[PDB]
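Fold and geometry: a report
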Amino acid sequence: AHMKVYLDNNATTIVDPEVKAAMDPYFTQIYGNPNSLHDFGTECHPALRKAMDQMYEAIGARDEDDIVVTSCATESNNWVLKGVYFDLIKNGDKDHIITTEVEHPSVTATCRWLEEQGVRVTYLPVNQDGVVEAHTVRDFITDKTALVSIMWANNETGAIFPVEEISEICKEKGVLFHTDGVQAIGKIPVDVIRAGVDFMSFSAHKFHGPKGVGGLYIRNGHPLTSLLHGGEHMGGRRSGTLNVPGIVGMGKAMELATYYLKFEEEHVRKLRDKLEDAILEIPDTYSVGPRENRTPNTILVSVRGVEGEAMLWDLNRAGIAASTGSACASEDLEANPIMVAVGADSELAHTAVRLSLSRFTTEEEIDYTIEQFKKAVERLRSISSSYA
Amino acid sequence: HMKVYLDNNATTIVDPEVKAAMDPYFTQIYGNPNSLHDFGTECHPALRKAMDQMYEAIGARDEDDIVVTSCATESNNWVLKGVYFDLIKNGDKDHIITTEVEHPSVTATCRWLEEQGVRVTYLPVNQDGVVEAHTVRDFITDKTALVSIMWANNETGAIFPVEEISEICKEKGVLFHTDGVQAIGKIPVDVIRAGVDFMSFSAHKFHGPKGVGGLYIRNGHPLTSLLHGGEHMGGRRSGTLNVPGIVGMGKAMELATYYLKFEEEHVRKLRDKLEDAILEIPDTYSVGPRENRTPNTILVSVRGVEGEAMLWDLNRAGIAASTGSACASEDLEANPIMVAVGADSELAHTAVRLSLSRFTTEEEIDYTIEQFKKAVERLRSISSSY
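Residues numbered from 1 in each chain as written, not as in the entry; some residues may be left out. Chains lettered and ligands numbered in written order. Heavy atoms only, no water.

The record lists X-ray crystallography as the method behind this PDB entry and 3.2110 Å as its resolution.

1. Let's talk about the side chain of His 208 of chain A
Residue and element names in this part refer to chain A. Defined as follows: Strands are runs of DSSP state E lasting at least two residues, helices are runs of H or I lasting at least four, and both sets are numbered from the N terminus onward. Working definition: with a 1.4 Å probe on protein chains only, accessible area under 20% of the residue-type maximum means buried, over 50% means exposed, and in between means partly exposed. Polar contacts here mean pairs of N or O atoms no more than 3.5 Å apart (in protein, one a potential hydrogen donor and the other a potential acceptor; neighbouring residues in sequence count only if both atoms are side-chain atoms). A contact between two residues is defined here by any heavy atoms of the two lying within 4.5 Å.
Looking at the secondary structure, you find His 208 in the loop between strand 7 (199-203) and strand 8 (214-218). Judged by its relative accessible area of 5%, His 208 falls in the buried class. Looking at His 208, its side chain comes within polar contact range of the main-chain oxygen of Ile 14, at 3.0 Å. Leave out the neighbours within four places in its chain, and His 208 touches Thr 13, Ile 14, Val 15, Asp 16, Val 19, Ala 253, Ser 358, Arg 359 and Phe 360.

2. Quick word on the pairing of strand 14 (residues 348-355) of chain B
All names here are of chain B. Cut-off, in case you're wondering: Pairing between strands is defined by DSSP: at least two bridges between them are needed.
Where strand 10 (residues 297-302) lies against strand 14, four bridges are found, and the strand directions are antiparallel. What sits directly across from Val 300, in strand 14, is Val 352. Summarising the sheet, strand 12 (residues 322-330) and strand 14 pair through six bridges and their orientation is antiparallel. Within strand 14, the position partnered with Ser 322 by the bridge is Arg 353.

3. Examining the nonpolar core
Looking at soluble globular proteins, one finds that nonpolar side chains tend to be buried together. Put simply, the test is: Definition used in this section: a nonpolar core is a set of buried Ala, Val, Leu, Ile, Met, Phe, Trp, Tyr and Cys residues joined via side-chain atoms within 4.5 Å.
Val 148 and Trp 152 of chain A together with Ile 58 of chain B are the most contacted members of the largest nonpolar core, which has 181 residues in total. Once residues within four sequence positions are removed from consideration, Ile 58 of chain B is found in contact with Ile 66, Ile 184, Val 189, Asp 190, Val 191, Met 199, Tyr 216 and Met 253 of chain B.

4. What about the domain arrangement of chain B?
A common measure of how large an interface is: the accessible area buried when the components associate. Residues and elements named next belong to chain B. Counted only if it meets this: What marks off one domain from the next here is an automatic or database domain assignment. Buried area: the accessible area, evaluated with a 1.4 Å probe, that two parts lose upon being put together, summed over both parts.
When its domains are assigned, chain B resolves into domain 1 (2-14 + 260-375) and domain 2 (15-259). Computed from C-alpha coordinates alone, the two centres of domain 1 and domain 2 are separated by 27 Å. Contacts between the two partners involve 36 residues from domain 1 and, on the opposite side, 35 residues from domain 2. When domain 1 packs against domain 2, the two sides together hide about 2,900 Å² of surface, and 52% of this comes from carbon and sulfur.

5. A short note on the interface of chain A and chain B
The test is simple: Salt bridge, as used here, is a side-chain nitrogen of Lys or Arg placed within 4 Å of a carboxyl oxygen of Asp or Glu.
Facing 61 residues of chain A, the contacting portion of chain B comprises 60 residues. Where chain A abuts chain B, roughly 4,900 Å² becomes buried across the two surfaces, and 62% of that area is made up of carbon and sulfur atoms. If you look at where chain A meets chain B, you find three salt bridges. Among the salt bridges present, the one from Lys 19 of chain B reaches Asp 24 of chain A, with a minimum N-O distance of 2.9 Å.

6. Focus: the packing of helix 10 (residues 264-279) of chain B against helix 12 (residues 362-380) of chain B
The description of two packed helices rests on the angle between their axes and on the distance between the axes. Residues and elements named next belong to chain B. Note the cut-off: To get an axis, a line is fitted to the C-alpha atoms, and for a helix only the part in contact is used. The angle between two axes follows their N-to-C directions and goes from 0 to 180 degrees. Angles below 35 degrees are treated as roughly parallel, those above 145 as roughly antiparallel, those between 65 and 115 as roughly perpendicular, and all remaining angles as oblique. In this scheme, a crossing is called left-handed if the near helix is turned counterclockwise away from the far one by less than a right angle; it is called right-handed if the turn is clockwise. Just so you know the grouping, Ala, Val, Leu, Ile, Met, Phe, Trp, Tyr, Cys and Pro go in nonpolar, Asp, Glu, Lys and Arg go in charged, and all remaining residues, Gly too, go in polar.
Taken N-terminus to C-terminus, the directions of helix 10 and helix 12 make an angle of 15°; their axes are 10 Å apart at the nearest point. The orientation of helix 10 with respect to helix 12, classified from their angle, is roughly parallel. Crossing of helix 10 against helix 12: the hand is right-handed. Across the interface between the two elements, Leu 270, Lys 273, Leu 274, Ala 277 and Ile 278 from helix 10 touch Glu 362, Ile 365, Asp 366, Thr 368, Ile 369 and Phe 372 from helix 12. In the contact of helix 10 with helix 12, the residues fall into seven nonpolar, one polar and three charged.

7. Description of the sheet that holds strand 7 of chain A
Residue and element names in this part refer to chain A. Reading across the sheet, the seven strands line up as 2-8-7-6-5-3-4 and stay open at both edges, with mixed pairing between neighbours. With partners counted over all chains shown, the strands left at the sheet margins are strand 2 (66-70) and strand 4 (120-124), one partner each. The sheet shows a mean angle of 20° between the axes of neighbouring strands, direction not considered. The strands that helix 9 (residues 244-280) touches are strand 2, strand 7 and strand 8; relative to strand 7, the one it contacts most, it runs at about 100°.

Printed below as a string of structure tokens:
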């Protein structure tokens, strides 16, 4: 019983061979610095131009808007948070930031440090459906709220946040809106104008691009104090020599993601649903989050008798790669036991198994995963005296 | 006609061995190193070997820290803004010492810190194109938080007396940061012998890939993170690891120290040949002393001709070079010389910078000499007083 199957795609994804082939020339064949004037440096300019065009088209940004290439979505989140702190809080009349308990550590830890800098932060807890609603954030915005930072889709549950309604509420109060959209690219339609966001973070290696390159979308070239100062790279907004292969591969990967989105909604969703229905056939199993508001590739299943980490280890011993997710117990409206999303720092949190597919997952992999999941659940429930 | 790359101080070609070492970690080995499953851990031995190569190449110790950044610009921003946050915003300091010839990642960061109330003295540079240790010793106060001086200059190739400055800085109990991007692969780098507390470096300057850099920290000295989040790099710099970048950076750093220990004579002889041949042209001046210059750099000022026009005419001939700011002066014998100067000076004129690498051939140098002579004669016939 061993077959290597990758179902941890929400953590990182395989680089599409087409993306790697598009990147290949820009290490040894085309290596000049793009900021130089000689032909060696300018040779890569059309590739960067095409890649930036691909990025603009893939998220539906406009020409007035800016897309600054960062090294990772962590850089983009740190940049947005610390820049709005510097612009509107340290050198402004604001002191409040609204966010969620389910953000990536690049957002939460940055907010904790900003709290160490005197910034007021309300970490909005998440509802039963695993999302934050727009009327709640509307209730929490004051005349000193500087920024609302809410992820587009959650990386543990795959639940999609109502980004457009939150944007409407933010526009009424005249407060900036940043979204961590890493989990959106390649899994849900991304239109940064319909979403009404002022800032968007994204990371290439979550949609089959290379590691080490990310991006930040800014609406209308909105002023934001640079996190990296120096030369006039990226319009003087982020200095440092351009990651030419990273940019080329990121553009190619984003184009491929927008093309494969319909594959991901039809076939990948069929495979995710197959795996999830088969897993839910096991007694005392609960899928976290409603599927009708979930990204098509994510499952977060809580097993009642088994512990999550032992389940992950037993799966990896069978060659299946998965991850963890925080969940807590609750009831529905019919008073039925369900598992709901919760912040990892809660004391009511237990670890559930997260299985995340990609456009490369096969039905053979899904059948094998079903069989091994049943085997491991049976095995770990067979060794306990407390399970009934 | 021959295309020739002599702009290695700006960026370098990825060594085919480095790219081959990187190749598996895009599609064959793609797991996240922070994951617990076998897919993520598959790349762990490669990361371990790469970090060991990085530690060995600069002579860091096991107590020391080497944090992988995205670029040397990130490392400089991190060091400057972090020491500002630790010892200035929440401390009793307000002074930072640097030079007028630092990289923009240092100069613009210091200008922003000046916009934050920090006193900065951009130390002027001497005739030899360097800053001496007694000057900074004279400029340290009891509120100076950090001294940031580049290890070697990217326009002139002049090497800074990092060890003497480190001694004087230790006497005053002030931290020492160096931008060592121009040091790796061209001069011996021992961060314990150099006495530095922080070092920035960038892989694509010693034949590594673009998009990956590093910051050296002495004895794990506390330094507030520029990128917060998860506990990547020991909790000092969050963000998913650039696995191919790290592997290739380690390979490139090992290869750089190897070609420094043996193949330094070849690159230095080619630089000497090119410089002697160019200086055979009347009224040409090589900026900076050769005996204090990196083995790969020449910065030549041509009289009557402008540096940018010379660069352009060279590029039409397929030769890639860059510019460097220099100003006119005299030596002690009152002889005409061109000396290093900040780019923002009003007495600065642009000289041509030619920087070789371990991949430069002597045929390239012969072609470059011929075309340089041709271009000098061609542009002097149409320009200024010649």
